[PDB]
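To start, the structure itself, in structure tokens.
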Amino acid sequence: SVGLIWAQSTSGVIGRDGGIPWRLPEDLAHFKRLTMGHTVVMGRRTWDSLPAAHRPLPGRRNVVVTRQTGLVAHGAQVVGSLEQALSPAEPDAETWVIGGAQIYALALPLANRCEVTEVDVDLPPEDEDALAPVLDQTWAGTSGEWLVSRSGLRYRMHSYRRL
Ligand SMILES: NC(=O)c1ccc[n+]([C@@H]2O[C@H](COP(=O)([O-])OP(=O)(O)OC[C@H]3O[C@@H](n4cnc5c(N)ncnc54)[C@H](OP(=O)(O)O)[C@@H]3O)[C@@H](O)[C@H]2O)c1
Ligand SMILES: CCc1nc(N)nc(N)c1OCCCOc1ccccc1CCC(=O)O
């Protein structure tokens with residue numbers, strides 16, 4: 001199983017200024033619960049965005065996709081394409097593509113599941129924003145209820161699978 005997992009504003013923003021432009025603890029907990037013990041595949045810019053105590057992401061096999069063949073990434077496995085990342089020498093029952101926008105676009109045709117957090121935060125897109133992939137008619141999904149975070153934002157989780 002190859003899955004994508006992301007959190008987006010309702011406007012589709014996933015990233016700004018090298019980070020994520022909201023604070024949603026319940027989404028971090030969801031992300032940890034879904035990914036712990038599994039492989040997490042990410043683009044190099046997402047690797048560089050990880051906060052210090054989470055670079056590498058603890059308890060997960062971290063795989064970083066870069067064209068920089070000689071790149072040192074302590075705590076992660078460096079590979080040269082998304083296809084390499086999805087062709088491990090040691091297979092994993094679950095592989096999660098964890099971003100960013102560039103890598104999601106390449107991974108979506110190869111994936112069978114998407115786990116999406118929708119965040120009701122008003123962020124009109126700015127020119128350098130990273131944006132979420134869009135799910136077309138080849139995907140179908142289910143939505144959780146709208147919830148309110150202890151930190152204030154409304155949010156909800158969606159689970160999509162390839163038809
Ligand atoms: N809200 C969320 O769920 C979420 C999740 C993840 C990330 N984010 C945010 O998204 C942003 C980062 O996303 P991004 O789209 O800018 O970058 P990204 O997808 O994380 O990384 C892009 C990098 O991946 C490498 N890459 C891309 N295509 C490749 C290919 N065909 N072969 C080999 N390497 C390839 C390149 O690395 P090199 O330049 O090293 O060659 C490229 O610069 C940040 O703001 C981050 O905080 C948000
Ligand atoms: C938690 C944000 C996030 N949320 C969802 N639903 N999917 C993602 N792919 C994602 O991005 C994962 C990469 C960025 O990870 C972080 C960014 C800022 C703080 C903490 C973490 C993850 C830390 C961890 O899991 O140990």
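If you're wondering about the labels, chains in the structure tokens are A, B, ... by order shown, residues count from 1 in each chain, ligands from 1 in order shown.
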Quick one: residues within 8 Å of region 19-35 of chain A, only C-alpha atoms, excluding same-chain residues fewer than 4 positions away - as a count of residues only?
14
Counting only C-alpha atoms and all ligand atoms, which protein, DNA or RNA residues come within 6 Å of ligand 1, given as a list in words?
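The residues within 6 Å of ligand 1, counting only C-alpha atoms and all ligand atoms, are residues 6, 7, 8, 14, 15, 16, 17, 18, 19, 20, 42, 43, 44, 45, 46, 49, 65, 66, 67, 68, 80, 81, 98, 99, 100, 101, 102, 103 and 130 of chain A.
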Write a file of the selected residues as a PDB file, in the first residue's frame, keeping N, CA and C atoms.
```pdb
ATOM      1  N   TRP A   6      -1.595  14.291   3.886  1.00  0.00           N
ATOM      2  CA  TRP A   6      -1.331  15.723   3.919  1.00  0.00           C
ATOM      3  C   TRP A   6      -2.404  16.426   4.721  1.00  0.00           C
ATOM      4  N   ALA A   7      -2.070  17.648   5.139  1.00  0.00           N
ATOM      5  CA  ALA A   7      -3.004  18.582   5.746  1.00  0.00           C
ATOM      6  C   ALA A   7      -3.049  19.849   4.894  1.00  0.00           C
ATOM      7  N   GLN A   8      -4.252  20.318   4.558  1.00  0.00           N
ATOM      8  CA  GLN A   8      -4.396  21.498   3.727  1.00  0.00           C
ATOM      9  C   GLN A   8      -5.421  22.446   4.323  1.00  0.00           C
ATOM     10  N   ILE A  14      -0.744  23.955   1.524  1.00  0.00           N
ATOM     11  CA  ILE A  14      -0.061  23.046   2.439  1.00  0.00           C
ATOM     12  C   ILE A  14       1.203  23.638   3.047  1.00  0.00           C
ATOM     13  N   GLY A  15       1.841  24.606   2.403  1.00  0.00           N
ATOM     14  CA  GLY A  15       3.129  25.087   2.867  1.00  0.00           C
ATOM     15  C   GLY A  15       3.345  26.536   2.488  1.00  0.00           C
ATOM     16  N   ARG A  16       4.078  27.243   3.343  1.00  0.00           N
ATOM     17  CA  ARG A  16       4.417  28.639   3.115  1.00  0.00           C
ATOM     18  C   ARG A  16       5.652  28.944   3.947  1.00  0.00           C
ATOM     19  N   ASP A  17       6.586  29.708   3.375  1.00  0.00           N
ATOM     20  CA  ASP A  17       7.764  30.169   4.108  1.00  0.00           C
ATOM     21  C   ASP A  17       8.567  29.019   4.706  1.00  0.00           C
ATOM     22  N   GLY A  18       8.595  27.885   4.014  1.00  0.00           N
ATOM     23  CA  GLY A  18       9.366  26.757   4.479  1.00  0.00           C
ATOM     24  C   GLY A  18       8.754  25.994   5.628  1.00  0.00           C
ATOM     25  N   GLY A  19       7.479  26.223   5.929  1.00  0.00           N
ATOM     26  CA  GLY A  19       6.799  25.510   6.986  1.00  0.00           C
ATOM     27  C   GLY A  19       5.337  25.354   6.673  1.00  0.00           C
ATOM     28  N   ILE A  20       4.554  25.054   7.697  1.00  0.00           N
ATOM     29  CA  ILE A  20       3.118  24.842   7.585  1.00  0.00           C
ATOM     30  C   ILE A  20       2.436  26.007   8.292  1.00  0.00           C
ATOM     31  N   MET A  42       9.606  11.538   1.433  1.00  0.00           N
ATOM     32  CA  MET A  42       9.424  12.977   1.345  1.00  0.00           C
ATOM     33  C   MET A  42      10.415  13.584   0.362  1.00  0.00           C
ATOM     34  N   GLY A  43      10.027  14.723  -0.205  1.00  0.00           N
ATOM     35  CA  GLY A  43      10.972  15.512  -0.974  1.00  0.00           C
ATOM     36  C   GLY A  43      11.987  16.198  -0.085  1.00  0.00           C
ATOM     37  N   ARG A  44      13.100  16.606  -0.708  1.00  0.00           N
ATOM     38  CA  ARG A  44      14.185  17.192   0.062  1.00  0.00           C
ATOM     39  C   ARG A  44      13.758  18.480   0.763  1.00  0.00           C
ATOM     40  N   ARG A  45      12.893  19.297   0.135  1.00  0.00           N
ATOM     41  CA  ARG A  45      12.475  20.524   0.803  1.00  0.00           C
ATOM     42  C   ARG A  45      11.666  20.213   2.060  1.00  0.00           C
ATOM     43  N   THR A  46      10.843  19.162   2.026  1.00  0.00           N
ATOM     44  CA  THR A  46      10.130  18.749   3.232  1.00  0.00           C
ATOM     45  C   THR A  46      11.101  18.246   4.300  1.00  0.00           C
ATOM     46  N   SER A  49      12.388  21.148   6.003  1.00  0.00           N
ATOM     47  CA  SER A  49      11.368  21.835   6.782  1.00  0.00           C
ATOM     48  C   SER A  49      11.103  21.199   8.142  1.00  0.00           C
ATOM     49  N   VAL A  65      13.881  12.148  -1.164  1.00  0.00           N
ATOM     50  CA  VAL A  65      14.012  12.172  -2.615  1.00  0.00           C
ATOM     51  C   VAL A  65      14.687  13.483  -3.028  1.00  0.00           C
ATOM     52  N   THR A  66      15.814  13.368  -3.729  1.00  0.00           N
ATOM     53  CA  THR A  66      16.623  14.511  -4.145  1.00  0.00           C
ATOM     54  C   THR A  66      17.303  14.176  -5.461  1.00  0.00           C
ATOM     55  N   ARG A  67      17.635  15.204  -6.234  1.00  0.00           N
ATOM     56  CA  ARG A  67      18.538  15.017  -7.362  1.00  0.00           C
ATOM     57  C   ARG A  67      19.993  15.231  -6.982  1.00  0.00           C
ATOM     58  N   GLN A  68      20.266  15.623  -5.743  1.00  0.00           N
ATOM     59  CA  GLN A  68      21.632  15.886  -5.307  1.00  0.00           C
ATOM     60  C   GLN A  68      22.266  14.567  -4.910  1.00  0.00           C
ATOM     61  N   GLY A  80      17.226   8.866  -5.382  1.00  0.00           N
ATOM     62  CA  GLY A  80      17.303   9.805  -6.486  1.00  0.00           C
ATOM     63  C   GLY A  80      16.049   9.986  -7.301  1.00  0.00           C
ATOM     64  N   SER A  81      14.959   9.315  -6.941  1.00  0.00           N
ATOM     65  CA  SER A  81      13.681   9.479  -7.617  1.00  0.00           C
ATOM     66  C   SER A  81      12.597   8.940  -6.699  1.00  0.00           C
ATOM     67  N   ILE A  98       4.693  11.754   2.377  1.00  0.00           N
ATOM     68  CA  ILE A  98       4.375  12.764   3.375  1.00  0.00           C
ATOM     69  C   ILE A  98       4.659  14.183   2.895  1.00  0.00           C
ATOM     70  N   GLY A  99       4.930  14.353   1.605  1.00  0.00           N
ATOM     71  CA  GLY A  99       5.026  15.655   0.979  1.00  0.00           C
ATOM     72  C   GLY A  99       6.395  15.895   0.379  1.00  0.00           C
ATOM     73  N   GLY A 100       6.584  17.080  -0.209  1.00  0.00           N
ATOM     74  CA  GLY A 100       5.659  18.185  -0.299  1.00  0.00           C
ATOM     75  C   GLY A 100       4.915  18.214  -1.614  1.00  0.00           C
ATOM     76  N   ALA A 101       4.579  19.422  -2.077  1.00  0.00           N
ATOM     77  CA  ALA A 101       3.743  19.555  -3.267  1.00  0.00           C
ATOM     78  C   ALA A 101       4.374  18.909  -4.498  1.00  0.00           C
ATOM     79  N   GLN A 102       5.686  19.061  -4.674  1.00  0.00           N
ATOM     80  CA  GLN A 102       6.319  18.484  -5.852  1.00  0.00           C
ATOM     81  C   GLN A 102       6.183  16.972  -5.834  1.00  0.00           C
ATOM     82  N   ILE A 103       6.468  16.365  -4.681  1.00  0.00           N
ATOM     83  CA  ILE A 103       6.447  14.912  -4.574  1.00  0.00           C
ATOM     84  C   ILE A 103       5.025  14.376  -4.610  1.00  0.00           C
ATOM     85  N   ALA A 130       3.115  26.293  -1.392  1.00  0.00           N
ATOM     86  CA  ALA A 130       2.976  24.914  -1.831  1.00  0.00           C
ATOM     87  C   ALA A 130       1.519  24.517  -1.671  1.00  0.00           C
TER      88      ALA A 130
END
```
At a cut-off of 6 Å, using only C-alpha atoms, what residues contact residue 120 (chain A)? Leave out same-chain residues fewer than 4 positions from it and give the result as a list in words.
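With the cut-off at 6 Å, the set is residues 9, 10, 154 and 155 of chain A.
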Counting only C-alpha atoms, which of A:79, A:53, A:86, A:13 gets nearest to residue 119 (chain A)?
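For residue 119 (chain A), the nearest of the candidates is A:13.
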For ligand 2, the nearest of the candidates A:138, A:12, A:76, A:97, counting only C-alpha atoms and all ligand atoms:
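Smallest separation from ligand 2 among the options: A:97.
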DSSP-assigned alpha helix (DSSP H) among region 69-155 of chain A, expressed as a PyMOL selection string:
chain A and resi 82-85+101-107
Output file for the selection above: C-alpha atoms, as an mmCIF file, in the first residue's frame:
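Writing done, so here's selection.cif:
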```cif
data_model
loop_
_atom_site.group_PDB
_atom_site.id
_atom_site.type_symbol
_atom_site.label_atom_id
_atom_site.label_comp_id
_atom_site.auth_asym_id
_atom_site.auth_seq_id
_atom_site.Cartn_x
_atom_site.Cartn_y
_atom_site.Cartn_z
ATOM 1 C CA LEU A 82 10.233 8.749 -6.267
ATOM 2 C CA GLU A 83 10.273 5.401 -8.087
ATOM 3 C CA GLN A 84 13.427 4.454 -6.171
ATOM 4 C CA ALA A 85 11.732 5.460 -2.909
ATOM 5 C CA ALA A 101 3.743 19.555 -3.267
ATOM 6 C CA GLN A 102 6.319 18.484 -5.852
ATOM 7 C CA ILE A 103 6.447 14.912 -4.574
ATOM 8 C CA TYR A 104 2.687 14.591 -4.097
ATOM 9 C CA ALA A 105 2.172 15.382 -7.783
ATOM 10 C CA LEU A 106 4.517 12.560 -8.790
ATOM 11 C CA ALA A 107 3.151 10.110 -6.217
#
```
Using DSSP on the backbone, list every residue of chain A that comes out as strand (DSSP E or B), and give them as a count of residues only.
55
Compare A:110, A:71, A:157, A:57 by their minimum atom-to-atom distance to ligand 2, counting only C-alpha atoms and all ligand atoms, and give me the closest one.
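Counting only C-alpha atoms and all ligand atoms, the residue closest to ligand 2 is A:57.
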Considering only C-alpha atoms, state which residue in the set A:109, A:37, A:78, A:118 is at the smallest distance from residue 147 (chain A).
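Under the stated criterion, the closest residue is A:118.
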Hey, can you check how far atom 16 (C, counted along the ligand's line) of ligand 2 sits from CA of residue 89 (chain A)?
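CA of residue 89 (chain A) lies 26.0 Å from atom 16 (C, counted along the ligand's line) of ligand 2.
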